[PDB]
$ cat entry06.pdb   # PDB, C-alpha atoms (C1' of nucleotides)
ATOM      1  CA  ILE A 195      46.484  -3.732 -18.421  1.00  0.00           C
ATOM      2  CA  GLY A 196      45.971  -4.510 -22.087  1.00  0.00           C
ATOM      3  CA  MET A 197      43.803  -1.469 -22.855  1.00  0.00           C
ATOM      4  CA  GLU A 198      44.162   0.777 -25.886  1.00  0.00           C
ATOM      5  CA  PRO A 199      44.491   4.374 -24.637  1.00  0.00           C
ATOM      6  CA  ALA A 200      43.862   5.939 -28.052  1.00  0.00           C
ATOM      7  CA  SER A 201      40.449   4.241 -28.249  1.00  0.00           C
ATOM      8  CA  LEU A 202      39.377   5.521 -24.805  1.00  0.00           C
ATOM      9  CA  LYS A 203      38.382   9.011 -23.693  1.00  0.00           C
ATOM     10  CA  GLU A 204      40.477  10.928 -21.171  1.00  0.00           C
ATOM     11  CA  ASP A 205      37.711  10.703 -18.570  1.00  0.00           C
ATOM     12  CA  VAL A 206      37.503   6.942 -19.060  1.00  0.00           C
ATOM     13  CA  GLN A 207      41.290   6.742 -18.729  1.00  0.00           C
ATOM     14  CA  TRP A 208      41.081   8.586 -15.409  1.00  0.00           C
ATOM     15  CA  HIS A 209      38.363   6.172 -14.292  1.00  0.00           C
ATOM     16  CA  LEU A 210      40.705   3.328 -15.214  1.00  0.00           C
ATOM     17  CA  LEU A 211      43.414   4.934 -13.074  1.00  0.00           C
ATOM     18  CA  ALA A 212      40.901   5.145 -10.232  1.00  0.00           C
ATOM     19  CA  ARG A 213      40.534   1.403 -10.758  1.00  0.00           C
ATOM     20  CA  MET A 214      44.236   0.933  -9.965  1.00  0.00           C
ATOM     21  CA  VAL A 215      44.110   3.349  -7.006  1.00  0.00           C
ATOM     22  CA  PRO A 216      43.144   0.626  -4.458  1.00  0.00           C
ATOM     23  CA  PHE A 217      46.381  -1.176  -5.321  1.00  0.00           C
ATOM     24  CA  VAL A 218      48.509   1.836  -4.380  1.00  0.00           C
ATOM     25  CA  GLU A 219      46.935   3.206  -1.158  1.00  0.00           C
ATOM     26  CA  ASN A 220      46.986   1.310   2.120  1.00  0.00           C
ATOM     27  CA  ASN A 221      43.484   0.596   3.410  1.00  0.00           C
ATOM     28  CA  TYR A 222      41.665   2.190   0.469  1.00  0.00           C
ATOM     29  CA  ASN A 223      37.940   1.511   0.305  1.00  0.00           C
ATOM     30  CA  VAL A 224      36.091   1.939  -2.991  1.00  0.00           C
ATOM     31  CA  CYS A 225      32.813   0.909  -4.582  1.00  0.00           C
ATOM     32  CA  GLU A 226      32.051   0.687  -8.301  1.00  0.00           C
ATOM     33  CA  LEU A 227      28.761  -0.251  -9.960  1.00  0.00           C
ATOM     34  CA  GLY A 228      28.327  -0.643 -13.698  1.00  0.00           C
ATOM     35  CA  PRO A 229      26.518  -2.522 -16.455  1.00  0.00           C
ATOM     36  CA  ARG A 230      27.486  -6.128 -17.072  1.00  0.00           C
ATOM     37  CA  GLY A 231      30.394  -6.570 -19.452  1.00  0.00           C
ATOM     38  CA  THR A 232      32.301  -3.354 -18.726  1.00  0.00           C
ATOM     39  CA  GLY A 233      35.446  -5.194 -17.618  1.00  0.00           C
ATOM     40  CA  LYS A 234      35.250  -4.225 -13.948  1.00  0.00           C
ATOM     41  CA  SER A 235      36.438  -7.519 -12.466  1.00  0.00           C
ATOM     42  CA  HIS A 236      39.191  -8.244 -15.008  1.00  0.00           C
ATOM     43  CA  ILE A 237      41.960  -6.317 -13.255  1.00  0.00           C
ATOM     44  CA  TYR A 238      41.340  -7.610  -9.728  1.00  0.00           C
ATOM     45  CA  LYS A 239      41.504 -11.240 -10.891  1.00  0.00           C
ATOM     46  CA  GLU A 240      43.951 -11.468 -13.799  1.00  0.00           C
ATOM     47  CA  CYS A 241      46.136  -8.345 -13.748  1.00  0.00           C
ATOM     48  CA  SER A 242      47.834  -8.718 -10.362  1.00  0.00           C
ATOM     49  CA  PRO A 243      49.126 -11.498  -8.091  1.00  0.00           C
ATOM     50  CA  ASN A 244      48.524  -9.219  -5.080  1.00  0.00           C
ATOM     51  CA  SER A 245      44.720  -9.085  -5.290  1.00  0.00           C
ATOM     52  CA  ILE A 246      41.889 -11.524  -4.639  1.00  0.00           C
ATOM     53  CA  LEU A 247      38.335 -11.584  -5.989  1.00  0.00           C
ATOM     54  CA  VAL A 248      36.133 -13.055  -3.263  1.00  0.00           C
ATOM     55  CA  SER A 249      33.380 -14.455  -5.468  1.00  0.00           C
ATOM     56  CA  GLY A 250      29.818 -14.535  -4.222  1.00  0.00           C
ATOM     57  CA  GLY A 251      30.492 -12.391  -1.173  1.00  0.00           C
ATOM     58  CA  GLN A 252      29.057 -15.000   1.214  1.00  0.00           C
ATOM     59  CA  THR A 253      32.426 -15.391   2.914  1.00  0.00           C
ATOM     60  CA  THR A 254      32.485 -15.923   6.657  1.00  0.00           C
ATOM     61  CA  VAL A 255      33.913 -13.566   9.251  1.00  0.00           C
ATOM     62  CA  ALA A 256      36.428 -16.135  10.494  1.00  0.00           C
ATOM     63  CA  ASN A 257      37.669 -16.673   6.940  1.00  0.00           C
ATOM     64  CA  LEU A 258      37.877 -12.960   6.203  1.00  0.00           C
ATOM     65  CA  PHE A 259      38.986 -11.242   9.430  1.00  0.00           C
ATOM     66  CA  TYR A 260      40.195 -13.677  12.112  1.00  0.00           C
ATOM     67  CA  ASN A 261      39.641 -17.300  13.136  1.00  0.00           C
ATOM     68  CA  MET A 262      40.206 -17.728  16.873  1.00  0.00           C
ATOM     69  CA  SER A 263      40.124 -21.517  16.530  1.00  0.00           C
ATOM     70  CA  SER A 264      43.375 -21.461  14.547  1.00  0.00           C
ATOM     71  CA  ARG A 265      44.482 -18.006  15.785  1.00  0.00           C
ATOM     72  CA  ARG A 266      45.492 -17.133  12.220  1.00  0.00           C
ATOM     73  CA  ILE A 267      44.499 -13.917  10.463  1.00  0.00           C
ATOM     74  CA  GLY A 268      41.915 -13.963   7.689  1.00  0.00           C
ATOM     75  CA  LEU A 269      42.115 -12.627   4.159  1.00  0.00           C
ATOM     76  CA  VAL A 270      42.697  -8.972   5.003  1.00  0.00           C
ATOM     77  CA  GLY A 271      46.083  -9.755   6.502  1.00  0.00           C
ATOM     78  CA  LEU A 272      47.339 -11.431   3.337  1.00  0.00           C
ATOM     79  CA  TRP A 273      46.128  -9.681   0.168  1.00  0.00           C
ATOM     80  CA  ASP A 274      46.582  -6.023  -0.706  1.00  0.00           C
ATOM     81  CA  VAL A 275      43.274  -5.797  -2.594  1.00  0.00           C
ATOM     82  CA  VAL A 276      40.124  -7.708  -1.669  1.00  0.00           C
ATOM     83  CA  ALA A 277      37.360  -7.269  -4.236  1.00  0.00           C
ATOM     84  CA  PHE A 278      33.805  -8.424  -3.545  1.00  0.00           C
ATOM     85  CA  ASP A 279      32.117  -9.444  -6.791  1.00  0.00           C
ATOM     86  CA  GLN A 280      28.323  -9.322  -7.135  1.00  0.00           C
ATOM     87  CA  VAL A 281      27.747  -6.964  -4.229  1.00  0.00           C
ATOM     88  CA  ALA A 282      23.988  -7.433  -4.591  1.00  0.00           C
ATOM     89  CA  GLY A 283      23.881 -10.794  -2.813  1.00  0.00           C
ATOM     90  CA  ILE A 284      26.724 -10.410  -0.315  1.00  0.00           C
ATOM     91  CA  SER A 285      25.526 -11.531   3.117  1.00  0.00           C
ATOM     92  CA  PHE A 286      27.059 -12.632   6.419  1.00  0.00           C
ATOM     93  CA  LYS A 287      25.643 -15.449   8.528  1.00  0.00           C
ATOM     94  CA  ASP A 288      27.057 -13.785  11.654  1.00  0.00           C
ATOM     95  CA  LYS A 289      25.346 -10.488  12.436  1.00  0.00           C
ATOM     96  CA  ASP A 290      28.554  -8.864  13.689  1.00  0.00           C
ATOM     97  CA  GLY A 291      30.150  -9.339  10.268  1.00  0.00           C
TER      98      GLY A 291
ATOM     99  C1'  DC B   1      76.777 -50.305  24.536  1.00  0.00           C
ATOM    100  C1'  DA B   2      73.366 -50.184  26.486  1.00  0.00           C
ATOM    101  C1'  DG B   3      70.983 -47.087  29.042  1.00  0.00           C
ATOM    102  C1'  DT B   4      67.545 -44.832  27.767  1.00  0.00           C
ATOM    103  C1'  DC B   5      66.356 -39.860  24.937  1.00  0.00           C
ATOM    104  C1'  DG B   6      62.817 -35.672  23.604  1.00  0.00           C
ATOM    105  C1'  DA B   7      60.331 -35.799  19.574  1.00  0.00           C
ATOM    106  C1'  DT B   8      56.344 -38.802  18.130  1.00  0.00           C
ATOM    107  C1'  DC B   9      52.279 -41.154  17.860  1.00  0.00           C
ATOM    108  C1'  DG B  10      48.168 -43.277  19.732  1.00  0.00           C
ATOM    109  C1'  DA B  11      44.118 -41.575  22.526  1.00  0.00           C
ATOM    110  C1'  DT B  12      39.756 -39.021  24.665  1.00  0.00           C
ATOM    111  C1'  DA B  13      37.090 -34.268  26.358  1.00  0.00           C
ATOM    112  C1'  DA B  14      37.300 -28.517  24.256  1.00  0.00           C
ATOM    113  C1'  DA B  15      35.722 -23.752  22.130  1.00  0.00           C
ATOM    114  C1'  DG B  16      34.987 -22.162  17.096  1.00  0.00           C
ATOM    115  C1'  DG B  17      33.294 -22.505  12.910  1.00  0.00           C
ATOM    116  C1'  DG B  18      31.157 -24.651   8.928  1.00  0.00           C
ATOM    117  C1'  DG B  19      26.781 -26.446   7.330  1.00  0.00           C
ATOM    118  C1'  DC B  20      23.312 -28.227   6.342  1.00  0.00           C
ATOM    119  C1'  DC B  21      19.503 -29.482   7.767  1.00  0.00           C
ATOM    120  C1'  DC B  22      15.332 -27.949   8.877  1.00  0.00           C
ATOM    121  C1'  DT B  23      11.994 -26.596  10.879  1.00  0.00           C
ATOM    122  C1'  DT B  24       9.318 -23.237  11.674  1.00  0.00           C
ATOM    123  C1'  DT B  25       7.431 -19.710  11.716  1.00  0.00           C
ATOM    124  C1'  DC B  26       6.290 -16.693   8.479  1.00  0.00           C
ATOM    125  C1'  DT B  27       4.525 -14.848   5.347  1.00  0.00           C
ATOM    126  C1'  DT B  28       2.447 -15.028   0.559  1.00  0.00           C
ATOM    127  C1'  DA B  29      -1.000 -15.297  -1.970  1.00  0.00           C
ATOM    128  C1'  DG B  30      -4.481 -19.574  -4.320  1.00  0.00           C
ATOM    129  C1'  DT B  31      -8.513 -20.881  -3.408  1.00  0.00           C
ATOM    130  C1'  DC B  32     -11.798 -21.077  -0.923  1.00  0.00           C
ATOM    131  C1'  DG B  33     -16.573 -20.625   0.901  1.00  0.00           C
ATOM    132  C1'  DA B  34     -19.990 -20.013   3.574  1.00  0.00           C
ATOM    133  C1'  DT B  35     -21.543 -15.850   5.262  1.00  0.00           C
ATOM    134  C1'  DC B  36     -23.555 -11.887   5.192  1.00  0.00           C
ATOM    135  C1'  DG B  37     -24.858  -7.543   3.175  1.00  0.00           C
ATOM    136  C1'  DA B  38     -27.337  -5.536  -0.190  1.00  0.00           C
ATOM    137  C1'  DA B  39     -29.762  -5.924  -4.013  1.00  0.00           C
ATOM    138  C1'  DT B  40     -32.048  -8.262  -7.328  1.00  0.00           C
ATOM    139  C1'  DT B  41     -36.098 -11.268  -8.472  1.00  0.00           C
ATOM    140  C1'  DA B  42     -41.011 -12.435  -7.845  1.00  0.00           C
ATOM    141  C1'  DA B  43     -45.613 -13.294  -5.413  1.00  0.00           C
ATOM    142  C1'  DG B  44     -48.544 -12.153  -1.925  1.00  0.00           C
ATOM    143  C1'  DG B  45     -51.648  -9.365   0.071  1.00  0.00           C
ATOM    144  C1'  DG B  46     -53.562  -5.881   2.664  1.00  0.00           C
ATOM    145  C1'  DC B  47     -55.771  -1.527   0.692  1.00  0.00           C
ATOM    146  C1'  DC B  48     -57.472   2.788  -1.292  1.00  0.00           C
ATOM    147  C1'  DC B  49     -60.685   3.803  -4.943  1.00  0.00           C
ATOM    148  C1'  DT B  50     -65.557   2.900  -7.760  1.00  0.00           C
ATOM    149  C1'  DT B  51     -71.153   1.771  -8.296  1.00  0.00           C
ATOM    150  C1'  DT B  52     -75.935   0.963  -6.070  1.00  0.00           C
ATOM    151  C1'  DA B  53     -79.716   1.957  -3.004  1.00  0.00           C
ATOM    152  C1'  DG B  54     -82.079   4.781  -0.063  1.00  0.00           C
ATOM    153  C1'  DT B  55     -83.336   9.433   1.865  1.00  0.00           C
ATOM    154  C1'  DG B  56     -85.144  15.019   0.823  1.00  0.00           C
ATOM    155  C1'  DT B  57     -86.621  18.377  -3.604  1.00  0.00           C
ATOM    156  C1'  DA B  58     -88.289  20.449  -8.810  1.00  0.00           C
ATOM    157  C1'  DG B  59     -91.091  19.516 -13.366  1.00  0.00           C
ATOM    158  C1'  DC B  60     -95.308  16.948 -15.556  1.00  0.00           C
ATOM    159  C1'  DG B  61     -99.020  13.539 -16.760  1.00  0.00           C
ATOM    160  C1'  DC B  62    -104.126  13.527 -14.819  1.00  0.00           C
ATOM    161  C1'  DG B  63    -109.124  12.392 -12.793  1.00  0.00           C
TER     162       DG B  63
END
$ encode --input "entry06.pdb" --output "structure tokens"
Amino acid sequence: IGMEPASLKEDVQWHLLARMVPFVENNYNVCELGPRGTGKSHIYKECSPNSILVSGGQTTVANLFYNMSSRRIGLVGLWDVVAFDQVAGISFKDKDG
DNA sequence: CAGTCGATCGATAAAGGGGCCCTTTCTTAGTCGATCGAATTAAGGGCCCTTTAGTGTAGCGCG
């Protein structure tokens, strides 16, 4: 990832492995909260071409799950990891979202 | 070969979704804001509390 293992504790290394865990298990849900500047969102954006960082969180249901107008699947059918940044403000216009 | 394609390129009404108004309640406090309670202020004002005069009695000047 670009991290120095010798400068990190074993527990922090295991937390970093738990960061990669979503990439390796099908349909793996996980939530992480931390102080700003702890490098949470680095891996989901820069360290893999198989993950997406849906910024803001205000992404629509048709975009994310399924758009009947085009009958084409949303994000979850395409990327192996979908990471919602700034979970505080994430909101769906449609109530069923 | 010239007849005459089946893909193409125009429309002109659909359900879904984006969006962006947008208005519209809907609160949310900012300032009323005139009211009303209660609590000051006083000024008034009715009112209870003192002196005087006139009646029955003991001392004392006196014809």
$ closest_atom_pairs --input "entry06.pdb" --of "chain A" --to "chain B" --cutoff "10 Å" --atoms "only C-alpha atoms (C1' of nucleotides)" --output "tab-separated table"
residue	atom	partner	partner_atom	distance
A:254	CA	B:17	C1'	9.1
A:255	CA	B:17	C1'	9.7
A:256	CA	B:17	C1'	7.5
A:257	CA	B:17	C1'	9.4
A:261	CA	B:16	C1'	7.8
A:262	CA	B:16	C1'	6.9
A:263	CA	B:16	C1'	5.2
A:264	CA	B:16	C1'	8.8
$ atom_distance --input "entry06.pdb" --atom1 "CA of residue 290 in chain A" --atom2 "CA of residue 253 in chain A"
13.2 Å
$ atom_distance --input "entry06.pdb" --atom1 "CA of residue 277 in chain A" --atom2 "CA of residue 245 in chain A"
7.7 Å
$ axis_aligned_box --input "entry06.pdb" --around "range 29-42 of chain B" --padding-each-side "8 Å" --output "JSON"
{"center_x": -21.0, "center_y": -13.3, "center_z": -1.6, "size_x": 56.0, "size_y": 31.5, "size_z": 29.7}
$ residues_near_point --input "entry06.pdb" --point "(46.1, -12.7, 3.0)" --cutoff "10 Å" --atoms "all atoms listed in the file" --output "count of residues only"
15
$ residues_around --input "entry06.pdb" --residues "residue 247 in chain A" --least-positions-apart "2" --cutoff "10 Å" --atoms "all atoms listed in the file" --output "list in words"
residues 235, 236, 237, 238, 239, 240, 245, 249, 250, 251, 275, 276, 277, 278 and 279 of chain A
$ decode --input "entry06.pdb" --residues "range 258-288 of chain A" --atoms "N, CA and C atoms" --output "PDB file, in the first residue's frame"
ATOM      1  N   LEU A 258     -27.268   3.836  -8.156  1.00  0.00           N
ATOM      2  CA  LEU A 258     -26.522   2.891  -7.337  1.00  0.00           C
ATOM      3  C   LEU A 258     -26.992   1.457  -7.555  1.00  0.00           C
ATOM      4  N   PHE A 259     -28.305   1.218  -7.540  1.00  0.00           N
ATOM      5  CA  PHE A 259     -28.828  -0.146  -7.560  1.00  0.00           C
ATOM      6  C   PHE A 259     -29.326  -0.546  -8.941  1.00  0.00           C
ATOM      7  N   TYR A 260     -30.296   0.168  -9.510  1.00  0.00           N
ATOM      8  CA  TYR A 260     -30.898  -0.252 -10.768  1.00  0.00           C
ATOM      9  C   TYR A 260     -31.718   0.895 -11.334  1.00  0.00           C
ATOM     10  N   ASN A 261     -31.549   1.158 -12.625  1.00  0.00           N
ATOM     11  CA  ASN A 261     -32.315   2.178 -13.331  1.00  0.00           C
ATOM     12  C   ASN A 261     -33.237   1.483 -14.327  1.00  0.00           C
ATOM     13  N   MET A 262     -34.539   1.442 -14.021  1.00  0.00           N
ATOM     14  CA  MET A 262     -35.468   0.754 -14.913  1.00  0.00           C
ATOM     15  C   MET A 262     -35.598   1.459 -16.254  1.00  0.00           C
ATOM     16  N   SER A 263     -35.349   2.767 -16.301  1.00  0.00           N
ATOM     17  CA  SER A 263     -35.464   3.484 -17.564  1.00  0.00           C
ATOM     18  C   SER A 263     -34.493   2.938 -18.602  1.00  0.00           C
ATOM     19  N   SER A 264     -33.256   2.663 -18.200  1.00  0.00           N
ATOM     20  CA  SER A 264     -32.279   2.065 -19.097  1.00  0.00           C
ATOM     21  C   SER A 264     -32.141   0.562 -18.904  1.00  0.00           C
ATOM     22  N   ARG A 265     -32.743   0.007 -17.853  1.00  0.00           N
ATOM     23  CA  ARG A 265     -32.673  -1.424 -17.557  1.00  0.00           C
ATOM     24  C   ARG A 265     -31.228  -1.900 -17.437  1.00  0.00           C
ATOM     25  N   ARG A 266     -30.367  -1.040 -16.900  1.00  0.00           N
ATOM     26  CA  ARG A 266     -28.968  -1.377 -16.686  1.00  0.00           C
ATOM     27  C   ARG A 266     -28.628  -1.231 -15.209  1.00  0.00           C
ATOM     28  N   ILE A 267     -27.854  -2.189 -14.695  1.00  0.00           N
ATOM     29  CA  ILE A 267     -27.583  -2.270 -13.265  1.00  0.00           C
ATOM     30  C   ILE A 267     -26.754  -1.075 -12.817  1.00  0.00           C
ATOM     31  N   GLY A 268     -26.907  -0.700 -11.552  1.00  0.00           N
ATOM     32  CA  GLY A 268     -26.198   0.426 -10.989  1.00  0.00           C
ATOM     33  C   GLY A 268     -24.754   0.102 -10.657  1.00  0.00           C
ATOM     34  N   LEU A 269     -24.236   0.827  -9.663  1.00  0.00           N
ATOM     35  CA  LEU A 269     -22.838   0.671  -9.274  1.00  0.00           C
ATOM     36  C   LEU A 269     -22.543  -0.731  -8.765  1.00  0.00           C
ATOM     37  N   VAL A 270     -23.409  -1.261  -7.901  1.00  0.00           N
ATOM     38  CA  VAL A 270     -23.089  -2.473  -7.160  1.00  0.00           C
ATOM     39  C   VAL A 270     -22.887  -3.674  -8.066  1.00  0.00           C
ATOM     40  N   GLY A 271     -23.324  -3.598  -9.313  1.00  0.00           N
ATOM     41  CA  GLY A 271     -23.041  -4.669 -10.242  1.00  0.00           C
ATOM     42  C   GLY A 271     -21.715  -4.568 -10.948  1.00  0.00           C
ATOM     43  N   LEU A 272     -20.973  -3.482 -10.729  1.00  0.00           N
ATOM     44  CA  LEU A 272     -19.772  -3.208 -11.499  1.00  0.00           C
ATOM     45  C   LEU A 272     -18.491  -3.192 -10.679  1.00  0.00           C
ATOM     46  N   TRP A 273     -18.508  -2.613  -9.486  1.00  0.00           N
ATOM     47  CA  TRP A 273     -17.313  -2.464  -8.674  1.00  0.00           C
ATOM     48  C   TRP A 273     -17.337  -3.465  -7.529  1.00  0.00           C
ATOM     49  N   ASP A 274     -16.148  -3.922  -7.130  1.00  0.00           N
ATOM     50  CA  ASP A 274     -16.071  -4.907  -6.059  1.00  0.00           C
ATOM     51  C   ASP A 274     -16.086  -4.257  -4.685  1.00  0.00           C
ATOM     52  N   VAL A 275     -15.698  -2.990  -4.590  1.00  0.00           N
ATOM     53  CA  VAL A 275     -15.776  -2.245  -3.341  1.00  0.00           C
ATOM     54  C   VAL A 275     -16.402  -0.893  -3.629  1.00  0.00           C
ATOM     55  N   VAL A 276     -17.456  -0.563  -2.899  1.00  0.00           N
ATOM     56  CA  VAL A 276     -18.096   0.741  -2.980  1.00  0.00           C
ATOM     57  C   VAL A 276     -17.939   1.388  -1.614  1.00  0.00           C
ATOM     58  N   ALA A 277     -17.218   2.499  -1.552  1.00  0.00           N
ATOM     59  CA  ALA A 277     -16.940   3.153  -0.284  1.00  0.00           C
ATOM     60  C   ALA A 277     -17.611   4.515  -0.245  1.00  0.00           C
ATOM     61  N   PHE A 278     -18.464   4.716   0.747  1.00  0.00           N
ATOM     62  CA  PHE A 278     -19.169   5.974   0.947  1.00  0.00           C
ATOM     63  C   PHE A 278     -18.324   6.858   1.854  1.00  0.00           C
ATOM     64  N   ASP A 279     -17.787   7.935   1.287  1.00  0.00           N
ATOM     65  CA  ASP A 279     -17.044   8.920   2.055  1.00  0.00           C
ATOM     66  C   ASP A 279     -18.005   9.888   2.728  1.00  0.00           C
ATOM     67  N   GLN A 280     -17.584  10.423   3.872  1.00  0.00           N
ATOM     68  CA  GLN A 280     -18.354  11.408   4.628  1.00  0.00           C
ATOM     69  C   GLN A 280     -19.768  10.879   4.883  1.00  0.00           C
ATOM     70  N   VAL A 281     -19.802   9.838   5.715  1.00  0.00           N
ATOM     71  CA  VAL A 281     -21.050   9.144   6.018  1.00  0.00           C
ATOM     72  C   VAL A 281     -22.008  10.029   6.796  1.00  0.00           C
ATOM     73  N   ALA A 282     -21.519  11.149   7.332  1.00  0.00           N
ATOM     74  CA  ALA A 282     -22.371  12.014   8.139  1.00  0.00           C
ATOM     75  C   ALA A 282     -23.520  12.598   7.330  1.00  0.00           C
ATOM     76  N   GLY A 283     -23.253  13.029   6.099  1.00  0.00           N
ATOM     77  CA  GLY A 283     -24.256  13.707   5.302  1.00  0.00           C
ATOM     78  C   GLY A 283     -24.963  12.857   4.271  1.00  0.00           C
ATOM     79  N   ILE A 284     -24.702  11.551   4.236  1.00  0.00           N
ATOM     80  CA  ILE A 284     -25.258  10.714   3.178  1.00  0.00           C
ATOM     81  C   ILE A 284     -26.771  10.648   3.339  1.00  0.00           C
ATOM     82  N   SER A 285     -27.489  10.909   2.248  1.00  0.00           N
ATOM     83  CA  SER A 285     -28.942  11.005   2.276  1.00  0.00           C
ATOM     84  C   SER A 285     -29.500  10.624   0.916  1.00  0.00           C
ATOM     85  N   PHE A 286     -30.671   9.996   0.916  1.00  0.00           N
ATOM     86  CA  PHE A 286     -31.336   9.567  -0.306  1.00  0.00           C
ATOM     87  C   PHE A 286     -32.618  10.364  -0.495  1.00  0.00           C
ATOM     88  N   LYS A 287     -32.794  10.929  -1.691  1.00  0.00           N
ATOM     89  CA  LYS A 287     -34.043  11.618  -1.996  1.00  0.00           C
ATOM     90  C   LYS A 287     -35.231  10.670  -1.931  1.00  0.00           C
ATOM     91  N   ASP A 288     -35.088   9.469  -2.482  1.00  0.00           N
ATOM     92  CA  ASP A 288     -36.133   8.458  -2.427  1.00  0.00           C
ATOM     93  C   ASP A 288     -36.102   7.771  -1.068  1.00  0.00           C
TER      94      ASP A 288
END
